[PDB]
Amino acid sequence: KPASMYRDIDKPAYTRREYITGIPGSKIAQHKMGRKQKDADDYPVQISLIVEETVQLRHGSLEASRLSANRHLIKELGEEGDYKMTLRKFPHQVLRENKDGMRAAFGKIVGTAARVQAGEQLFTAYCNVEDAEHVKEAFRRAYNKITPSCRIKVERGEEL
Amino acid sequence: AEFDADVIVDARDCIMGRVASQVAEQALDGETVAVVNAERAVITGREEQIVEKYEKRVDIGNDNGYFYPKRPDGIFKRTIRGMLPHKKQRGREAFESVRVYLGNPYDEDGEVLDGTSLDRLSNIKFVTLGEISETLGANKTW
Amino acid sequence: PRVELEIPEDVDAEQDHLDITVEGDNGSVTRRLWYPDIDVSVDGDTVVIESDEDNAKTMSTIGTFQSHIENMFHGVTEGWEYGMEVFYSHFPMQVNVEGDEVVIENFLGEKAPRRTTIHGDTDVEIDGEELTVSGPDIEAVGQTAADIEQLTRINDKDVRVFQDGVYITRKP
Amino acid sequence: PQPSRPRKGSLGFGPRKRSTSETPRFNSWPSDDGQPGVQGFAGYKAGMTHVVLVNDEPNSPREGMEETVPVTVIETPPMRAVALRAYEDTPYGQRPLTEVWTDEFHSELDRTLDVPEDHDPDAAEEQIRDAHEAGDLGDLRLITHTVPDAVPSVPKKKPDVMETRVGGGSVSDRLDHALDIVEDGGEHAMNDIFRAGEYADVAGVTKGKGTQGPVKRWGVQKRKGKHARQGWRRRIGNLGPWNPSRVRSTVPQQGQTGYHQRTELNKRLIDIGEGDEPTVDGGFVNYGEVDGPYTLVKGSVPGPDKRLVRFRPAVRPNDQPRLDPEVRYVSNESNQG
RNA sequence: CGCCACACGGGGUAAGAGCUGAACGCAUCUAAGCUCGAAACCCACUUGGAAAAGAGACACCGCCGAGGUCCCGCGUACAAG
RNA sequence: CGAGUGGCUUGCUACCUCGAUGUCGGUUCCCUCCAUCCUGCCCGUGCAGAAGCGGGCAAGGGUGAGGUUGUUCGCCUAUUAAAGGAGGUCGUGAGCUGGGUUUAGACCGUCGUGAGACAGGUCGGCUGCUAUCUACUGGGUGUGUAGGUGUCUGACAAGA
RNA sequence: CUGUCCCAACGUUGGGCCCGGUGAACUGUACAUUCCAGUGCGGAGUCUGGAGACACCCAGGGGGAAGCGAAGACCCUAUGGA
RNA sequence: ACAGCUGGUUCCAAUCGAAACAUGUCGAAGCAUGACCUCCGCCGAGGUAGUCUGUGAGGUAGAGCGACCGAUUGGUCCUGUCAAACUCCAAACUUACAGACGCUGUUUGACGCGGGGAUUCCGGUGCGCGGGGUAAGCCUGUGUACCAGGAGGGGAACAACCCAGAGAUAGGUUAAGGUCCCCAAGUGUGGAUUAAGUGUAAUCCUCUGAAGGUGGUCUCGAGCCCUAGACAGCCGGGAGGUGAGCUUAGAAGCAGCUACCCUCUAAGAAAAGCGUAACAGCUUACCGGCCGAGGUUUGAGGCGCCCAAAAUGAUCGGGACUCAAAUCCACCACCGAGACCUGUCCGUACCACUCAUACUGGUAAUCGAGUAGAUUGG
Ligand SMILES: COC(=O)C[C@](O)(CCCC(C)(C)O)C(=O)O[C@@H]1C(OC)=C[C@]23CCCN2CCc2cc4c(cc2[C@H]13)OCO4
Ligand SMILES: [Cl-]
Ligand SMILES: [Cl-]
Ligand SMILES: [Cl-]
Ligand SMILES: [Cl-]
Ligand SMILES: [Cl-]
Ligand SMILES: [Cl-]
Ligand SMILES: [Cl-]
Ligand SMILES: [K+]
Ligand SMILES: [Mg+2]
Ligand SMILES: [Mg+2]
Ligand SMILES: [Mg+2]
Ligand SMILES: [Mg+2]
Ligand SMILES: [Mg+2]
Ligand SMILES: [Mg+2]
Ligand SMILES: [Mg+2]
Ligand SMILES: [Mg+2]
Ligand SMILES: [Mg+2]
Ligand SMILES: [Mg+2]
Ligand SMILES: [Mg+2]
Ligand SMILES: [Mg+2]
Ligand SMILES: [Mg+2]
Ligand SMILES: [Mg+2]
Ligand SMILES: [Mg+2]
Ligand SMILES: [Mg+2]
Ligand SMILES: [Mg+2]
Ligand SMILES: [Mg+2]
Ligand SMILES: [Mg+2]
Ligand SMILES: [Mg+2]
Ligand SMILES: [Mg+2]
Ligand code: NA
Ligand code: NA
Ligand code: NA
Ligand code: NA
Ligand code: NA
Ligand code: NA
Ligand code: NA
Ligand code: NA
Ligand code: NA
Ligand code: NA
Ligand code: NA
Ligand code: NA
Ligand code: NA
Ligand code: NA
Ligand code: NA
Ligand code: NA
Ligand code: NA
Ligand code: NA
Ligand code: NA
Ligand code: NA
Ligand code: NA
Ligand code: NA
Ligand code: NA
Ligand code: NA
Ligand code: NA
Ligand SMILES: [Sr+2]
Ligand SMILES: [Sr+2]
Ligand SMILES: [Sr+2]
Ligand SMILES: [Sr+2]
Ligand SMILES: [Sr+2]
Ligand SMILES: [Sr+2]
Ligand SMILES: [Sr+2]
Ligand SMILES: [Sr+2]
Ligand SMILES: [Sr+2]
Ligand SMILES: [Sr+2]
Ligand SMILES: [Sr+2]
Ligand SMILES: [Sr+2]
Ligand SMILES: [Sr+2]
Ligand SMILES: [Sr+2]
Ligand SMILES: [Sr+2]
Ligand SMILES: [Sr+2]
Ligand SMILES: [Sr+2]
Ligand SMILES: [Sr+2]
Ligand SMILES: [Sr+2]
Ligand SMILES: [Sr+2]
Ligand SMILES: [Sr+2]
Ligand SMILES: [Sr+2]
Ligand SMILES: [Sr+2]
Ligand SMILES: [Sr+2]
Ligand SMILES: [Sr+2]
Ligand SMILES: [Sr+2]
Ligand SMILES: [Sr+2]
């Protein structure tokens, strides 16, 4: 199904699992990547992926953008490299689909999406100075797999 | 044939639509206008898109017809007609008292109207009316 | 901006409207240099290329006009020479200058002669396997040279195996 | 998905209406090459016979062998170039300037024209030369007529007047060549313009068929099978789609067929002669007997017998001229039988 | 169902191949400029076209007479015209 | 995974017409679109050549005959440069056809107590009208330009 | 076996066309020379913008007037009928 | 015959002016009762469409959750997220009553009460907030204004978008919108951007244009380098110990492993990239010369470009427009309604005089559009 059906915040917040049954599991395998034993303050460089438009990003898009981002970091910095990436948004919004015409139209549960407001950090990676251009490329691949245009903003790093 | 014109306009190196707008205004005020050197009249912009518009106007038509002129003689005359209510009595009289010419059939030199002239030293993206007509397929008789 | 170009002693150049004529011992070259708000004039012993605007587009052309005039200076004195070599593998290629055009016969076994016309006052001299395209106008010489290489263009078959043709050896 | 098929008939010979002049009018003339000369002639269609000929084509496997070729016999007696018209280059195209006429006229030319009694051939010639000096002279053409009186099979005596161009050398030399033809009496023959073996373009006004339906006029199908018995035999399916809500002029409809001007290209002149050599036994059907100046055109020619056909040197030939073909035999067998 | 005829070539382009060339000393097919380059576009060729309201041009004849219509014998024409 | 374009399929809606805008398929005749099957010119190649594969420009022309089936679709055969797709009220019944859908007769299967039913199958089963306007194909009569004969010009127009 | 087809042709008779005589009907809110686009209750000769368009008449085959003919037989609705 | 269904129902004018909703109904194409419209009689001094303040009511937006609740990460306290049916918090705002100001009423009697007559119970659209649905010129709520039943001006045309609510006639000035022509008013002024005909399209079924990309161009900021010569280009040098060692038939910058050391010097790696079976060969680092002025890295903004395919004839309404007739920032002067101002007249209401509802005089900034319907004079 296209994202055109779910990308906008046009419906109420539908998260309450005590009233909703049959919710498909999240396709997101990991949320804490790289070296999850080390601290975020132990790194000199902190670069985040900032979403420019207020959207709803599905669990399938989150997994696709996370996979294409972390796979590049595993390719360039190694499987046990000196970095740590975080996906801070979780898919709370439960999604429906009306799949009888418009009669009894309340749709059955088909998926989950993450409500991300404009200006928010979806991804945040902490790396060293020499690995900074490899992570900007991981985010360049990650923004092509989500709905809005994005900013790759450097938060802690006057090393240029 | 003779045409006793009150005003004789020199279209040479002048922006067509601007001359046309003034010639229309004057014809409705009762003036007998004669546009001269229309082959040398100018129209600004990228040649490729200008010719594309004029080529489409030639290709457009059906049984009822869309008679679009290829010569600079008629192109300027049509440009003037679009600025005149030619279907109405007053408008037709104004239009019929305006004639466009290839070259200058008169002894008098035409007057260059204000704001119409184009400085060639300041512009490169423009076309001569005759250049449009040659591309349209008209026989160069000027 | 304003760029002044000192004219060589061998050369003397006149100008009318937008056209600049440059005469010398190797010939005469006339070129049209037209661009918005760029005035090219002859101030006795120097050629002046000036404009009131300093934008990227105007600057691009001022520098192009400079190189064109400096090339015309070189053309009417030392001239422009492009050297070419004719290579053949199986079929003996007959390159000859028949009139105001250079004809190539029996290329790759063809019965029909391939021919291109020489641009302007450009001279094509052939000494067996070597050809030298020469003249005052770089535009005319550069093209006539290129036209000869392009004349033996092959699109249908592999260029790596069928390498026959006249190629540019020396660029001035 | 319903098979494709080219449209019925050509749209380039329209509108399919009756011709204004029965005398054909060329819309194009040959290019100026060698020596000056009149760019055309005219005759009267006689009928058809066949000729046994020797193959002239150097690229044919049959070069030198006997080949039977169909031929249209056209009676081509001498014509009279009674005047020289000159055109000037105006910003509105070519406009006629002046005409230089003669004194010697044919006895029965007054059946068509109001023959000149008072004319100044010198002031006219002067006006044309002042225009040549000014660089305003366009082309030079001759006012020419036929002598149907010389043809016994054609009922008319009233001459067919037509304009013919003079092309060739320089504008100065062809002005002089033109004035020489005129000032004598205007008499010129087919030989003066054409040589046997050259390619000519024959123009003619076709055989009139009055009003005919789409099947004959445009070559549309007749209704097939079951559709042929329902009340519709020779009528087209529809006059067009629902939209556009009008009948397009491109749809095959009824009307005038025939009596249109056609200019048949690249016709080989097999022989140009004089006498009764191509005449058929019992005479040409609906025409008569030929005993005078003739031309033998390869194949068919537009128009019926007795009609005025026009000649012009081919403006677009495909083959190179193979002059004076060897005529082994000309059939004189009756066209009845 | 038989027979005859129905180009080539020019001009300007697309994709593309290039020349000269700067911004940006170099480089660069392009930004200005230029050489090429499609069955495609324009011309060439055929057909119509003085009702093109700027309603056209030329030559001769004529204004007490040029010419046309009717009439008559007929078709290279034609449903009336 | 993300972003779109189209308006050929399907679905949704119930805005328009129930004092009726004749339903599928086919046929015949005309115009068009390009997302190009062939043909022209090109770029790449895992481009030696030959034959291909992929891509670009391009709608001038072409894209055909047949066997089953009412079929559209599709399967199949032999040819072919190729035998492209789509829009025009799913173009076209005051043009045709009437094989299918979908009246009234009848049979079979299934369902029903029954009348009778079926988004099952099957045999049979109708096609109205003299064109007022408009549109176009061809043909005339007048008026305008402003006496006559003959010859032309060429704004435009059509072509594959 | 053959014109059902390829693929159409020519001919025959009666019409059709012109003339004398006889002489209806269907249909008609008005206006009306239209065409291309647009707009509008989303399927316009009449609205908007342009284009084209001198008037009248003859013959034609029927593209359009969502043509004429029949208060839709389908479908639903009616505290309708049989 | 009956029908809750379709059609039709004939003269003028003046005042007021809806409902397309609620409850019940074999009810949903209909009725009844309310709401709402109108008319009459009664009552007799208050009333409350706006605002402010005071005394109260509330849990929506937002926010947050070691504040409940239930969702929802990882690590050896820290770290990552959420809620229509969660709340430790919490608006704007809506709302009860009262006072004050405002407005209104006491001859135009308001507020209220009683009675007669209805019409109406298919609604629609814009905006705000919604719920369903991929969406819809979808379905279904809610507040509001409008169309319906609303003219006139503008918007190309176009119920509901903008101005505007309108007796007649007349003069004037503006509103929306517009001032190159068609077309009334500017080819207005100062300045900048754009080269695509971008654009000349407020809103929209209607006006598309996206993710992604862009040394197209303009503008602004930051760091670093530079006349002790920067960036680039071109010339010259790119040397020895030694062809490092290990590995290996061999490997000598450059198959692999490890080391990666010092001379000469102005530089020159235990070699950055090709190249060879291995050498050789070509250049990179680094140094010097020629040259001579800015250069280089990164950030932000403006307009444009690519992305961008459809059917009879292209389009901003058309013509056409390029230091604009585009776009952005300012500014100047005009054109332009029935609005507003103004003269006269008419109707209606009320006041004075009157028997009069006949004259006459006066008041209306706070009267003048209208479908269904009520009322009244002709
Ligand atoms: C169910 O199909 C039918 O009933 C066909 C017919 O009955 C045909 C009537 C033909 C007449 C008698 C009017 O000549 C009819 O009235 O059709 C309507 C009809 O009659 C005018 C036209 C309709 C109305 C919308 C357009 N459509 C075209 C024809 C049609 C075809 C249909 C259709 C409806 C229509 C309607 O159902 C599916 O197939
Ligand atoms: Cl047309
Ligand atoms: Cl008008
Ligand atoms: Cl320019
Ligand atoms: Cl048929
Ligand atoms: Cl009001
Ligand atoms: Cl434009
Ligand atoms: Cl009254
Ligand atoms: K209907
Ligand atoms: Mg090959
Ligand atoms: Mg015979
Ligand atoms: Mg015989
Ligand atoms: Mg119909
Ligand atoms: Mg394409
Ligand atoms: Mg086509
Ligand atoms: Mg259909
Ligand atoms: Mg039809
Ligand atoms: Mg029918
Ligand atoms: Mg009929
Ligand atoms: Mg059957
Ligand atoms: Mg059946
Ligand atoms: Mg009915
Ligand atoms: Mg029924
Ligand atoms: Mg019953
Ligand atoms: Mg009344
Ligand atoms: Mg009254
Ligand atoms: Mg919230
Ligand atoms: Mg209403
Ligand atoms: Mg004005
Ligand atoms: Mg545009
Ligand atoms: Na159901
Ligand atoms: Na233009
Ligand atoms: Na046209
Ligand atoms: Na019949
Ligand atoms: Na139809
Ligand atoms: Na060409
Ligand atoms: Na779409
Ligand atoms: Na059909
Ligand atoms: Na094509
Ligand atoms: Na089949
Ligand atoms: Na239909
Ligand atoms: Na039928
Ligand atoms: Na049908
Ligand atoms: Na038969
Ligand atoms: Na019709
Ligand atoms: Na009843
Ligand atoms: Na009800
Ligand atoms: Na009811
Ligand atoms: Na009060
Ligand atoms: Na909110
Ligand atoms: Na209701
Ligand atoms: Na209102
Ligand atoms: Na309006
Ligand atoms: Na535009
Ligand atoms: Na009323
Ligand atoms: Sr919603
Ligand atoms: Sr994106
Ligand atoms: Sr003016
Ligand atoms: Sr002629
Ligand atoms: Sr012609
Ligand atoms: Sr029949
Ligand atoms: Sr229509
Ligand atoms: Sr190019
Ligand atoms: Sr005339
Ligand atoms: Sr295209
Ligand atoms: Sr191809
Ligand atoms: Sr189908
Ligand atoms: Sr199938
Ligand atoms: Sr079709
Ligand atoms: Sr079936
Ligand atoms: Sr069935
Ligand atoms: Sr049947
Ligand atoms: Sr008149
Ligand atoms: Sr008929
Ligand atoms: Sr009935
Ligand atoms: Sr509320
Ligand atoms: Sr201005
Ligand atoms: Sr300005
Ligand atoms: Sr629409
Ligand atoms: Sr973009
Ligand atoms: Sr009133
Ligand atoms: Sr009123």
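### So, the sheet that holds strand β12 (residues 130-135) of chain C
Backbone hydrogen bonds hold the strands of a sheet together, and the pairing may be parallel or antiparallel.
Residue and element names in this part refer to chain C.
Moving on, step 1. Spatial ordering of the open sheet is given by β11-β12-β7-β13, a layout of 4 strands whose pairing is antiparallel. Strand pairing shows two members of the sheet lacking a second neighbour, β11 (123-127) and β13 (165-170), which therefore form its edges. The mean inter-strand angle of the sheet, taken between neighbouring strand axes irrespective of direction, is 30°.
Moving on, step 2. Bridge count between β11 and β12: 5 bridges; the pairing is antiparallel. Bridge pairing in β12 places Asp127 opposite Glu130.
Moving on, step 3. Helix-sheet contacts for helix α2 (residues 138-151) involve β7 (80-87), β11, β12 and β13, and the interaxial angle to β7 is about 5°.

### Quick look at the arrangement of the chains
Moving on, step 1. Out of 2 pairs of chains that touch, the pair holding the most contacts is chains B and D.
Moving on, step 2. The two units chain A and chain B are non-contacting; their minimal C-alpha-C-alpha distance is 34 Å.
Moving on, step 3. Structurally, chain A and chain C remain out of contact, their C-alpha atoms never closer than 28 Å.

### Description of the domain arrangement of chain C
All names here are of chain C.
Moving on, step 1. Each domain of chain C was delimited in the assignment, giving domain 1 (1-79) and domain 2 (80-172).
Moving on, step 2. Centre-to-centre, using C-alpha coordinates, domain 1 lies 31 Å away from domain 2.
Moving on, step 3. On the domain 2 side, the residues contacting the 10 residues of domain 1 number 7 residues.
Moving on, step 4. Across the domain 1/domain 2 interface, buried area totals approximately 640 Å², and carbon plus sulfur atoms make up 60% of it.
Moving on, step 5. It is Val29, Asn71 and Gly79 in domain 1 that bury the most area against domain 2; as a group they hold 51% of the surface buried on that side.
Moving on, step 6. Here domain 1 and domain 2 share 1 residue pair in polar contact between them.
Moving on, step 7. In terms of residue count, helix α1 (residues 56-75) provides more of the side of domain 1 that touches domain 2 than any other element does, 4 residues in total.
Moving on, step 8. Classifying every residue of the side of domain 1 that touches domain 2 gives 1 nonpolar, 7 polar and 2 charged.

### Describing the protein's contact with RNA strand G
Moving on, step 1. Neighbouring residues of RNA strand G: 28 residues in total, closest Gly65 of chain B together with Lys224, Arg234, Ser245 and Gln253 of chain D.
Moving on, step 2. Sugar plus phosphate: this is where 77% of the atoms of RNA strand G within 4 Å of the protein reside.
Moving on, step 3. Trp232 of chain D is positioned such that a nitrogen or oxygen atom in its side chain is 2.8 Å from a phosphate oxygen of RNA strand G.
Moving on, step 4. Class assignment for the residues of the surface near RNA strand G results in 9 nonpolar, 11 polar and 8 charged.

Definitions and cut-offs
Residues numbered from 1 in each chain as written, not as in the entry; some residues may be left out. Chains lettered and ligands numbered in written order. Part of a larger assembly, values for the part shown. Heavy atoms only, no water. Pairing = 2+ DSSP bridges. Helix = DSSP H or I, 4+ residues; strand = E, 2+ residues; numbered from the N terminus. Axes fitted to C-alpha atoms, helices over the stretch in contact; angles between N-to-C directions. Contact = heavy atoms within 4.5 Å. Domains from an automatic or database assignment. Buried area = accessible area lost by both parts, 1.4 Å probe. Polar contact = N/O pair within 3.5 Å; in protein donor to acceptor, adjacent residues only side chain to side chain. Nonpolar A, V, L, I, M, F, W, Y, C, P; charged D, E, K, R; others polar. Near = heavy atom within 4 Å.

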